[PDB]
Amino acid sequence: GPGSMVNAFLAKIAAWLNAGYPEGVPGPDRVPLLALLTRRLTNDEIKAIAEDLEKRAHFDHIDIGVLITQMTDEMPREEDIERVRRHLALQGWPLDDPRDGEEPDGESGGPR
């Protein structure tokens, strides 16, 4: 099964999440989970998570992508984002050290 499948960071995320949720993530926690998660992870990464997990099984309708579609429209709750992030922090906080995190910079203000 698992054998250097996904990137190091992504493997950490999948494990970290599946460690915090061995029973799966319910919607009320999924939405804020994604809100928190998508902060520093790219579309390719968030997908990579799903891509790895479905390799295990995609019978579950706990899909991770759908949450982003909800978030783009309406945010869940700050309280829920708080409860989930801290609940997950118990297992770890990989989002602090991205294996690839070159944040863009194209600022053009202009004094006179």
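Residues numbered from 1 in each chain as written, not as in the entry; some residues may be left out. Heavy atoms only, no water.

- Judging from the entry metadata, solution NMR is the method by which this structure was determined.

- The record lists its title as "Solution structure of MSMEG_1053, the second DUF3349 annotated protein in the genome of Mycobacterium smegmatis, Seattle Structural Genomics Center for Infectious Disease target MysmA.17112.b".

### Looking at the nonpolar core
Thought 1: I13, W16, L17, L33, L34, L37 and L88 are the most contacted members of the largest nonpolar core, which totals 24 residues.
Thought 2: Counting only elements with at least two residues in this core, the list comes to α1 (8–20), α2 (27–37), α3 (43–56), α4 (65–71) and α5 (78–89).
Thought 3: For this core, the element with the highest residue contribution is α2, accounting for six residues.
Thought 4: Those residues in contact with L37 that sit more than four places away from it in its chain are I13, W16, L17, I64 and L95. (Core = buried A, V, L, I, M, F, W, Y, C linked by side-chain atoms within 4.5 Å. Buried < 20%, exposed > 50% of the residue type's maximum accessible area, 1.4 Å probe, protein only. Helix = DSSP H or I, 4+ residues; strand = E, 2+ residues; numbered from the N terminus. Contact = heavy atoms within 4.5 Å.)

### Remarks on unusual backbone geometry
Thought 1: A positive phi angle, close to 55°, is found at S4, a residue other than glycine.
Thought 2: Considering the arrangement of structural elements, one finds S4 in the segment before α1.
Thought 3: Overall, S4 belongs to the exposed group, its relative accessible area being 74%.

### Section: α5
Thought 1: Helix length check: α5 (twelve residues) gives 16 Å between terminal C-alpha atoms against 16 Å at 1.5 Å per residue, within 8%.
Thought 2: Along α5, the positions that sit buried rather than exposed are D80, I81, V84 and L88. Down the axis of α5, the buried side of the element spans an arc of 100°, and every buried residue falls inside it. In α5, the exposed positions that point more than 90 degrees away from the buried face belong to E78, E79 and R86.
Thought 3: Considering only its buried residues, α5 is in contact with α1 and α2. (Expected span 1.5 Å × (residues − 1). Arc of directions from axis to C-beta.)

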